[PDB]
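Student: This structure is in structure tokens; I'll ask about it shortly.
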Amino acid sequence: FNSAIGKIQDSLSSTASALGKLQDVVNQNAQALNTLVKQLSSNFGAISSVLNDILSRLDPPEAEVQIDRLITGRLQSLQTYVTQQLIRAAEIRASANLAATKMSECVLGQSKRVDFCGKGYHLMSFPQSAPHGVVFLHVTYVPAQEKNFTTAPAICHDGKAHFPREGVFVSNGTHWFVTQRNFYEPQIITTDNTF
Amino acid sequence: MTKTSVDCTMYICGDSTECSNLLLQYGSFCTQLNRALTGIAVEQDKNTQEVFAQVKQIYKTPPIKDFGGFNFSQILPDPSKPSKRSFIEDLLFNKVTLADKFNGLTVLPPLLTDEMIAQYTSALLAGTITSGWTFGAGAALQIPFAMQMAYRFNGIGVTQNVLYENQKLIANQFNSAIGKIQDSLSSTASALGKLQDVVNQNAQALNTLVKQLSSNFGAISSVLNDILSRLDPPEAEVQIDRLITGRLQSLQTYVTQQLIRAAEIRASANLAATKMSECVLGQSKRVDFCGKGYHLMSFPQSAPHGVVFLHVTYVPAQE
Amino acid sequence: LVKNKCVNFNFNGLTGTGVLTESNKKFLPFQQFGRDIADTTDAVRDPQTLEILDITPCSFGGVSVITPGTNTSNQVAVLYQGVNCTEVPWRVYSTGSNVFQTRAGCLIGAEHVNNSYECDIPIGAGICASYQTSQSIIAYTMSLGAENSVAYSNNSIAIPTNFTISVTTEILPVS
Amino acid sequence: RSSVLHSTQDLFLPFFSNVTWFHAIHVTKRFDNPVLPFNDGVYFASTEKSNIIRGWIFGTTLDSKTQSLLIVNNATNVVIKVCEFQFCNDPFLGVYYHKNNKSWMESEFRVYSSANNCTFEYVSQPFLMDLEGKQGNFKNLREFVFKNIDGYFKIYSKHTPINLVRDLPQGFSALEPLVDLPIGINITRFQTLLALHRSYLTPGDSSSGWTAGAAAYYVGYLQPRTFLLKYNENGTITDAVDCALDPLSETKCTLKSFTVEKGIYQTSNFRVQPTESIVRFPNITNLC
Amino acid sequence: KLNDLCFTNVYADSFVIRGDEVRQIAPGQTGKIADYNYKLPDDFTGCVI
Ligand SMILES: *[C@@H]1O[C@H](CO)[C@@H](O[C@@H]2O[C@H](CO)[C@@H](O)[C@H](O)[C@H]2NC(C)=O)[C@H](O)[C@H]1NC(C)=O
Ligand SMILES: *[C@H]1O[C@H](CO)[C@@H](O[C@@H]2O[C@H](CO)[C@@H](O)[C@H](O)[C@H]2NC(C)=O)[C@H](O)[C@H]1NC(C)=O
Ligand SMILES: *[C@@H]1O[C@H](CO)[C@@H](O)[C@H](O)[C@H]1NC(C)=O
Ligand SMILES: *[C@@H]1O[C@H](CO)[C@@H](O)[C@H](O)[C@H]1NC(C)=O
Ligand SMILES: *[C@@H]1O[C@H](CO)[C@@H](O)[C@H](O)[C@H]1NC(C)=O
Ligand SMILES: *[C@@H]1O[C@H](CO)[C@@H](O)[C@H](O)[C@H]1NC(C)=O
Ligand SMILES: *[C@@H]1O[C@H](CO)[C@@H](O)[C@H](O)[C@H]1NC(C)=O
Ligand SMILES: *[C@@H]1O[C@H](CO)[C@@H](O)[C@H](O)[C@H]1NC(C)=O
Ligand SMILES: *[C@@H]1O[C@H](CO)[C@@H](O)[C@H](O)[C@H]1NC(C)=O
């Protein structure tokens, strides 16, 4: 765990890739706002982009028309921003629910669902605050080494066949012992471990 | 959904240079719309990535077909058949085909070729049968299929002995059930229902859109080439200006519509990805998450722009 | 009449741009303009020659340049999107040192290897581009990963002897 | 602007553009300063030590009948006129080394016959010139961009103290506008002015009496191009990338950043152009 | 630009009118002789001579 936590510190300091999924959201929102702000510069068919300049050099009736054009162009710009913002807001909202879910469900209790939190069995999880985001560190159990064993479903002792109470039957080939399917513990088969 | 990228410049202004200059006046609307579509296009590829790239390494289907009395011929890929598509999978393209640039519009190809998607599905299928849920959480561990099923019964509260006592009875029901499913897909005119509507809806928008260009939009002619030849620039602008305004509207509606549709698909993709991770890799305790009833396991399938899940469930027949 | 070459065409005050080739579909004695399902004219009748020509637009396409990254190198690969590889030939870049026709367009500036690696710089329809094979952007076929089959048998089982605890980070935006 | 990247569609010398070098050096019997064609991109980059290249000539035909431009680079100013001047076939600036007093005086200022009228006369800001009579490598550098836009004649300049490079120095320097003149003159081509280094060893006439020595100047044309220009905090344009010139470069404009991360980026649409225009109007000969 | 496009079924008209109502014979705008003798369409195309 200590070595495992140590690596994550190194990984975080060495690259911006961790926050890319989060950062993409930060950058994408920033870019959208910037475009709209720039929009102000665009003429939108008008004589001149700056609103005050148009009003200063045009008589009211003409000024009326040009103002309207600007507003239509500017109204459309605003509409796009608000419409765009809502979609992004909804997307962010889903993450928060998921964000809120990850905040509570990995953190409070253990999730039996496979791969919902991290990869492999999720022992526990911790959350670290990030700018405009939540980062979840997942501790998971993964079985590293596997040894081949011959196996069979039932053992016949007196014409009645036993089955394991909680574990698959595993035999090296010399004798038959019962071990938990996820770690190799061999126990001499007995009535206590069978029915 | 089909990756569609529409070039703002070519659609609105058309070929003519004079039409292009007015578009420049408008600003980055031209540029912004293209960006939004590309985002959508990446999602459809990326969505695919999330849903099917659940496995680090493709696992070849074991040459030995012993399935502990379970017949998987429909589900698994056929070497003799071209394109490595399963009977279910091979036929679906059959079914989909039966159910089913040119202009301003390029329909981009997906990052993952249908062929590649087939391999991913096979890997999950191969992974589930050979290694149970071990492959989901780490290096896949070989297990006897009968034995795997034994574990499945234990999770739903039916003792493993029960499976072993009448494995033959269970195997036959499963085999018969799978056969029933094959027949059901082919026999029904419209079982896929929901998948079909996604394709039809997208097609309607494009036609409506393609149809949209023809519309006059309160201009003397519906064609930029035609309007430009007939009219000079000086008084040209009033009609040239408007058609542009009207057409911009068509794009924004279409662009906005795509995003809403993309968002719906993304949720579906993520739901579908969840089922793929949640149901294929391991048994799901949540009731009515996988199909109906108690759930033992699920087998992923591939269709164009979709994922078909086969759910194996336990129901108590008699009381 | 010119055929097989993109040329501006004007017929009776109607103007379009495309390549005009004879169209197999037979039209009625009275029919003049043939149109497609998308309400774009796909055919004409030569007024002077009374012959049928099919009109298709002059292949466009978006250009995407594949870069390993500015920092690493300056070399680039440009994939025209959809356009045929024969098509056309910045003047220096045109000819393809390594022209290769893919299925997603027409790559020009990368060398098609026979080997398959993990994806790096995604392109489309399988092909991926990597800056690692002195150095040249190469486009591979993107095989999904190592193919190993777990050894299977009715009487064979594998059980882990050791376990490893690991930490994985998932990053989700909240606001 | 400070710390902002801006793209302006203003005429620029294309990067890595071909440049036609010229020689005004006797090192045997070598002296050439002929007329050069002029387009929008009249970029002149002389390199001088003892200040041998001085002036310029603009115009359409230099007929003294079409309005034309002309300058002297005196110690006072870069003196300019618009006047209908009748230039000689071989104009120059003449300087002689007198034995009685060590100073370089003008000997024959017959650059032009007379001026018909002036629609513009003008004197620029004061500056000073060294006017040395020695031999050496060209310690200094001078660049100018002559341009004609929307009824305005314009000029841009920079002094670079480059050392010992025959070719134009690798690096980035930005010309700063010096003067703007509002003129209507249309000028097809331009010429340069040389300083003849007349001495006692020369024959002593206007046709053969000269020992001009070393001089060098390069002319590069200007075409409309889009430059992404980086702006520093102070505002000096420290660096610029040309988007039109390269596939890599074009990506940067779309990306709007000097440094690009590894990935795939779509920059511009590609369209073919029809080889011929074919018109097939009715073949009937009868006229309405 | 009337030279470079092919029309359909060109019609010519001819009559004699007073000098004042030559401005009156225009599409859309009203008038006595324009309401009693010759009413052009609101979107008439062509050239009046
Ligand atoms: C299980 O795996 C762990 C972790 O790899 C092993 O621990 C290492 O054992 C080696 C050899 O004895 C030591 O040199 C290392 O210092 C130990 N730590 C690590 C992180 O490698 C352990 O030996 C393995 N087997 C067990 C417990 O049966
Ligand atoms: C400068 O004098 C010349 C020569 O007299 C003028 O050129 C004449 O201009 C008149 C009026 O425009 C023309 O009708 C003649 O054809 C021109 N040639 C001659 C020989 O008279 C010129 O206009 C005068 N002013 C300038 C250049 O500013
Ligand atoms: C099971 O086999 C292993 C490998 O040969 C051996 O080490 C172990 O001792 C065996 N069990 C017993 C009880 O000997
Ligand atoms: C599975 O069913 C197929 C379909 O007929 C059959 O050809 C095959 O022999 C069967 N294989 C089994 C039970 O393994
Ligand atoms: C490209 O054009 C050539 C013309 O000979 C043809 O052979 C090839 O099939 C074409 N491919 C595509 C994708 O257009
Ligand atoms: C278990 O299976 C293989 C069968 O070849 C055996 O040799 C080895 O002990 C283990 N290796 C695996 C599954 O790769
Ligand atoms: C510049 O001109 C020279 C003449 O020798 C030629 O070799 C070279 O290709 C030209 N380069 C460009 C960019 O015009
Ligand atoms: C400029 O002078 C040239 C001389 O060749 C002439 O052809 C051209 O018509 C002139 N243009 C203008 C705008 O004076
Ligand atoms: C730019 O401003 C900085 C302020 O620290 C100053 O040190 C530097 O000399 C300035 N350079 C120029 C070229 O203005």
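Following the order of the structure tokens, chains are lettered A, B, ..., residues in each are numbered from 1, and ligands are numbered from 1.
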Counting only C-alpha atoms, collect the residues of chain C whose closest atom lies at most 7 Å from chain D, and write them out as a list in words.
Tutor: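 Selected residues: residues 5, 6, 7, 8, 9, 10, 11, 12, 47, 48, 58, 59, 60, 61, 62, 63, 64, 65, 66, 67, 68, 69, 70, 76, 90 and 121 of chain C.
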Student: When you get a sec, could you note down which chain B residues fall within 10 Å of chain D, using only C-alpha atoms, as a list in words?
Tutor: residues 7, 9, 10, 15, 31, 35 and 38 of chain B
Student: Could I get the residue neighbourhood of ligand 2 at 10 Å, counting only C-alpha atoms and all ligand atoms, as a PyMOL selection string?
Tutor: chain D and resi 64-68+82-85+115-120
Student: Near chain C, meaning an atom within 8 Å, which residues of chain E appear when counting only C-alpha atoms? Write them as a short mmCIF file (atom, residue, chain, number, x, y, z; two decimals) with C-alpha atoms, in the first residue's frame.
Tutor:
```cif
data_model
loop_
_atom_site.label_atom_id
_atom_site.label_comp_id
_atom_site.auth_asym_id
_atom_site.auth_seq_id
_atom_site.Cartn_x
_atom_site.Cartn_y
_atom_site.Cartn_z
CA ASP E 4 -25.29 34.42 -70.03
CA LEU E 5 -28.48 32.55 -69.05
CA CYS E 6 -31.29 30.84 -70.95
CA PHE E 7 -34.83 31.89 -70.11
#
```
Student: Step by step, measure atom-to-atom distances between ligand 7 and each residue using only C-alpha atoms and all ligand atoms, keep those at most 10 Å, then write them as a compact mmCIF listing (two decimals) with N, CA and C atoms, in the first residue's frame.
Tutor:
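That gives us out-v4.txt:
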```
# COMPACT_ATOMS: atom_id res chain seq x y z
N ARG C 91 3.65 22.87 -51.61
CA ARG C 91 3.90 22.24 -52.90
C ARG C 91 4.80 21.01 -52.76
N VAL C 92 5.83 21.14 -51.94
CA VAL C 92 6.75 20.04 -51.67
C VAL C 92 6.08 18.83 -51.01
N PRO D 14 7.20 35.50 -47.77
CA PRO D 14 7.00 34.09 -47.42
C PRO D 14 8.25 33.56 -46.73
N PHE D 15 8.07 32.73 -45.71
CA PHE D 15 9.22 32.18 -45.02
C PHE D 15 9.97 31.23 -45.94
N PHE D 16 11.29 31.31 -45.86
CA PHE D 16 12.19 30.53 -46.71
C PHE D 16 11.98 30.89 -48.17
N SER D 17 11.56 32.13 -48.41
CA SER D 17 11.32 32.61 -49.76
C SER D 17 12.65 32.82 -50.49
N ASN D 18 12.62 32.64 -51.81
CA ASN D 18 13.83 32.78 -52.60
C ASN D 18 14.22 34.23 -52.67
N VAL D 19 15.51 34.49 -52.55
CA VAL D 19 15.98 35.87 -52.53
C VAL D 19 17.07 36.03 -53.58
N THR D 20 16.94 37.07 -54.40
CA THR D 20 17.88 37.34 -55.46
C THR D 20 18.89 38.33 -54.91
```
Student: Excluding same-chain residues fewer than 4 positions from residue 2 in chain A, what lies within 10 Å of it counting only C-alpha atoms, as a PyMOL selection string?
Tutor: (chain A and resi 6-7) or (chain C and resi 166)
Student: Would you list which chain C residues are within 9 Å of chain B using only C-alpha atoms, as a PDB file with C-alpha atoms, in the first residue's frame?
Tutor:
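Once everything was written out, this is selection24.pdb:
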```
ATOM      1  CA  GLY C  13     -28.614  29.070 -67.505  1.00  0.00           C
ATOM      2  CA  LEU C  14     -28.109  26.197 -65.068  1.00  0.00           C
ATOM      3  CA  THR C  15     -24.592  25.939 -63.655  1.00  0.00           C
ATOM      4  CA  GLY C  16     -22.922  23.134 -61.738  1.00  0.00           C
ATOM      5  CA  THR C  17     -19.438  21.769 -61.206  1.00  0.00           C
ATOM      6  CA  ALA C  38     -31.487  14.627 -52.106  1.00  0.00           C
ATOM      7  CA  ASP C  39     -32.896  17.079 -54.715  1.00  0.00           C
ATOM      8  CA  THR C  40     -29.534  17.649 -56.404  1.00  0.00           C
ATOM      9  CA  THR C  56     -21.000  14.012 -59.564  1.00  0.00           C
ATOM     10  CA  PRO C  57     -19.307  16.722 -57.451  1.00  0.00           C
ATOM     11  CA  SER C  59     -14.378  15.243 -54.398  1.00  0.00           C
ATOM     12  CA  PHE C  60     -13.795  17.509 -51.409  1.00  0.00           C
ATOM     13  CA  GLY C  61     -12.399  16.502 -48.028  1.00  0.00           C
ATOM     14  CA  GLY C  62     -11.132  17.670 -44.646  1.00  0.00           C
ATOM     15  CA  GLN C  81     -10.302  12.594 -45.376  1.00  0.00           C
ATOM     16  CA  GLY C  82     -12.120  10.417 -47.911  1.00  0.00           C
ATOM     17  CA  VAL C  83     -10.282  11.660 -50.998  1.00  0.00           C
ATOM     18  CA  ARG C 103      -9.646   3.037 -46.069  1.00  0.00           C
ATOM     19  CA  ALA C 104     -10.226   6.224 -44.074  1.00  0.00           C
ATOM     20  CA  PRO C 122      -5.881   7.205 -33.883  1.00  0.00           C
ATOM     21  CA  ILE C 123      -6.813   7.789 -37.542  1.00  0.00           C
ATOM     22  CA  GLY C 124      -9.843   5.765 -38.658  1.00  0.00           C
ATOM     23  CA  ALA C 125     -11.000   2.311 -39.803  1.00  0.00           C
ATOM     24  CA  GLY C 126      -8.213   0.494 -37.944  1.00  0.00           C
ATOM     25  CA  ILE C 127      -5.123   2.458 -38.911  1.00  0.00           C
ATOM     26  CA  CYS C 128      -3.158   4.252 -36.190  1.00  0.00           C
ATOM     27  CA  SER C 143      -4.327  -5.259 -33.568  1.00  0.00           C
ATOM     28  CA  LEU C 144      -6.203  -5.230 -30.252  1.00  0.00           C
ATOM     29  CA  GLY C 145      -3.482  -6.721 -27.975  1.00  0.00           C
ATOM     30  CA  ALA C 146      -1.559  -9.913 -27.313  1.00  0.00           C
ATOM     31  CA  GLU C 147      -3.506 -13.023 -28.266  1.00  0.00           C
ATOM     32  CA  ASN C 148      -3.092 -15.746 -25.639  1.00  0.00           C
ATOM     33  CA  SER C 149      -5.614 -18.487 -24.996  1.00  0.00           C
ATOM     34  CA  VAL C 150      -6.053 -19.554 -21.404  1.00  0.00           C
ATOM     35  CA  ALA C 151      -5.303 -23.280 -21.156  1.00  0.00           C
ATOM     36  CA  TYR C 152      -8.662 -25.048 -20.711  1.00  0.00           C
ATOM     37  CA  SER C 153      -9.798 -28.499 -19.631  1.00  0.00           C
ATOM     38  CA  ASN C 154     -12.640 -30.016 -17.623  1.00  0.00           C
ATOM     39  CA  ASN C 155     -10.227 -31.301 -14.959  1.00  0.00           C
ATOM     40  CA  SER C 156      -7.837 -28.302 -14.932  1.00  0.00           C
ATOM     41  CA  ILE C 157      -8.143 -25.327 -12.549  1.00  0.00           C
ATOM     42  CA  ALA C 158      -5.899 -22.367 -11.681  1.00  0.00           C
ATOM     43  CA  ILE C 159      -5.858 -20.685  -8.272  1.00  0.00           C
ATOM     44  CA  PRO C 160      -3.690 -17.666  -7.300  1.00  0.00           C
TER      45      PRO C 160
END
```
Student: What do you get as a PyMOL selection string if you pick all residues at most 7 Å from ligand 5, counting only C-alpha atoms and all ligand atoms?
Tutor: chain C and resi 84-86
Student: Take the residues just selected and output them with N, CA, C and O atoms as a PDB file, in the first residue's frame.
Tutor:
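And here is the file that came out, again_16.pdb:
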```
ATOM      1  N   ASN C  84      -9.585  10.082 -52.691  1.00  0.00           N
ATOM      2  CA  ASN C  84      -8.775   9.011 -53.253  1.00  0.00           C
ATOM      3  C   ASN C  84      -7.295   9.381 -53.242  1.00  0.00           C
ATOM      4  O   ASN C  84      -6.941  10.501 -53.438  1.00  0.00           O
ATOM      5  N   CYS C  85      -6.447   8.400 -53.021  1.00  0.00           N
ATOM      6  CA  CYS C  85      -4.996   8.591 -53.054  1.00  0.00           C
ATOM      7  C   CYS C  85      -4.358   9.093 -54.361  1.00  0.00           C
ATOM      8  O   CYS C  85      -3.555  10.168 -54.054  1.00  0.00           O
ATOM      9  N   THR C  86      -4.904   8.684 -55.487  1.00  0.00           N
ATOM     10  CA  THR C  86      -4.407   9.166 -56.775  1.00  0.00           C
ATOM     11  C   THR C  86      -4.615  10.670 -56.879  1.00  0.00           C
ATOM     12  O   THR C  86      -3.747  11.401 -57.360  1.00  0.00           O
TER      13      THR C  86
END
```
Student: Please, which residues of chain A lie no more than 10 Å from chain B when the count uses only C-alpha atoms, and can they be set out as a PyMOL selection string?
Tutor: chain A and resi 32+35-36+38-46+73+76-77+80+83-84+87-88+90-91+94+112-116+118-122+140-148+151-154+161-169+182+195
Student: Kindly save the residues from that selection, with C-alpha atoms included, as a compact mmCIF listing (two decimals), in the first residue's frame.
Tutor:
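out-v3.txt was written with the following content:
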```
# COMPACT_ATOMS: atom_id res chain seq x y z
CA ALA A 32 -16.30 28.34 -25.32
CA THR A 35 -15.12 32.50 -28.52
CA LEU A 36 -18.34 34.21 -27.43
CA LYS A 38 -14.57 37.46 -29.14
CA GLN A 39 -17.85 37.33 -30.92
CA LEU A 40 -18.31 40.84 -29.69
CA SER A 41 -15.77 41.90 -32.33
CA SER A 42 -17.70 40.38 -35.26
CA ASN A 43 -19.79 42.79 -37.33
CA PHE A 44 -22.76 40.43 -37.94
CA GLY A 45 -23.59 42.35 -41.11
CA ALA A 46 -23.45 45.69 -39.31
CA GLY A 73 -26.57 38.80 -34.24
CA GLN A 76 -27.99 34.54 -31.50
CA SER A 77 -24.52 34.58 -29.96
CA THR A 80 -25.64 29.58 -28.51
CA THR A 83 -27.67 26.46 -25.09
CA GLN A 84 -24.10 25.24 -25.13
CA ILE A 87 -25.59 20.81 -22.35
CA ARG A 88 -22.24 21.07 -20.59
CA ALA A 90 -26.13 18.69 -17.71
CA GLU A 91 -23.03 16.66 -18.55
CA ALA A 94 -24.29 13.62 -14.39
CA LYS A 112 -19.57 -5.65 -4.90
CA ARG A 113 -20.10 -4.49 -8.50
CA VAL A 114 -17.14 -5.49 -10.66
CA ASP A 115 -15.19 -2.56 -12.15
CA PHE A 116 -17.61 0.16 -10.93
CA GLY A 118 -11.35 0.94 -9.97
CA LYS A 119 -10.27 -2.33 -11.54
CA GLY A 120 -10.80 -5.57 -9.62
CA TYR A 121 -12.20 -6.09 -6.16
CA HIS A 122 -12.54 -2.73 -4.39
CA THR A 140 -8.27 -2.96 -5.30
CA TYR A 141 -7.24 -6.58 -4.87
CA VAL A 142 -5.82 -8.34 -7.91
CA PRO A 143 -4.53 -11.93 -7.83
CA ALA A 144 -0.98 -11.90 -9.27
CA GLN A 145 0.08 -15.60 -9.39
CA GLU A 146 -1.74 -18.76 -10.47
CA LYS A 147 -0.71 -22.39 -10.06
CA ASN A 148 -2.36 -25.10 -12.16
CA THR A 151 -10.08 -30.32 -10.01
CA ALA A 152 -13.37 -32.22 -9.72
CA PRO A 153 -16.88 -31.20 -8.55
CA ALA A 154 -17.78 -33.96 -6.08
CA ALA A 161 -20.83 -37.40 -2.71
CA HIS A 162 -19.76 -34.31 -0.74
CA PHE A 163 -19.40 -30.77 -2.15
CA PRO A 164 -17.35 -27.87 -0.70
CA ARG A 165 -19.18 -25.46 1.65
CA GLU A 166 -17.42 -22.34 0.30
CA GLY A 167 -14.48 -23.50 -1.92
CA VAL A 168 -13.74 -25.46 -5.10
CA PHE A 169 -12.02 -28.84 -4.77
CA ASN A 182 -9.03 -16.71 -4.72
CA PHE A 195 -22.21 -31.60 3.09
```
Student: As a PyMOL selection string, please: the residues near residue 50 in chain D (cut-off 8 Å, only C-alpha atoms, same-chain neighbours under 4 positions excluded).
Tutor: chain D and resi 130-136+138
Student: Generate a file of the selected residues that holds N, CA and C atoms, formatted as an mmCIF file, in the first residue's frame.
Tutor:
```
data_model
loop_
_atom_site.group_PDB
_atom_site.id
_atom_site.type_symbol
_atom_site.label_atom_id
_atom_site.label_comp_id
_atom_site.auth_asym_id
_atom_site.auth_seq_id
_atom_site.Cartn_x
_atom_site.Cartn_y
_atom_site.Cartn_z
ATOM 1 N N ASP D 130 27.793 57.810 -40.565
ATOM 2 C CA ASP D 130 29.256 57.804 -40.314
ATOM 3 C C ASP D 130 30.102 58.263 -41.509
ATOM 4 N N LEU D 131 29.734 57.811 -42.706
ATOM 5 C CA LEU D 131 30.378 58.238 -43.976
ATOM 6 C C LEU D 131 31.908 57.983 -44.052
ATOM 7 N N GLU D 132 32.323 56.797 -43.607
ATOM 8 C CA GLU D 132 33.750 56.384 -43.630
ATOM 9 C C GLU D 132 34.265 56.049 -45.036
ATOM 10 N N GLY D 133 35.565 56.250 -45.263
ATOM 11 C CA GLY D 133 36.165 56.050 -46.582
ATOM 12 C C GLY D 133 37.138 54.899 -46.609
ATOM 13 N N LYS D 134 36.839 53.861 -45.828
ATOM 14 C CA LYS D 134 37.770 52.757 -45.583
ATOM 15 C C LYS D 134 37.251 51.447 -46.180
ATOM 16 N N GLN D 135 38.005 50.363 -45.994
ATOM 17 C CA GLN D 135 37.556 49.020 -46.399
ATOM 18 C C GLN D 135 37.350 48.093 -45.193
ATOM 19 N N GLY D 136 36.317 47.245 -45.263
ATOM 20 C CA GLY D 136 35.994 46.318 -44.170
ATOM 21 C C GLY D 136 34.740 45.477 -44.351
ATOM 22 N N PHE D 138 30.992 44.177 -43.481
ATOM 23 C CA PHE D 138 29.807 44.984 -43.229
ATOM 24 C C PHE D 138 29.309 44.703 -41.828
#
```
Student: Can you tell me which residues come within 8 Å of ligand 9 when counting only C-alpha atoms and all ligand atoms, ideally as a tab-separated table (two decimals) with C-alpha atoms, in the first residue's frame?
Tutor:
```tsv
chain	number	residue	atom	x	y	z
D	233	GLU	CA	4.57	40.98	-22.55
D	234	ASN	CA	6.24	44.22	-23.57
D	235	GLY	CA	4.77	43.83	-27.05
D	236	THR	CA	7.82	43.19	-29.18
```
Student: Which of range 86-194 of chain B end up as helix (DSSP H, G or I) when DSSP is run on this backbone - answer as a ChimeraX atom specification?
Tutor: /B:87-99,114-131,134-137,145-155,160-165,167-187,194
Student: Could you give me, as a ChimeraX atom specification, every polymer residue with an atom at most 10 Å away from an atom of ligand 1, counting only C-alpha atoms and all ligand atoms?
Tutor: /A:1,3-4,143-145 /C:161-165
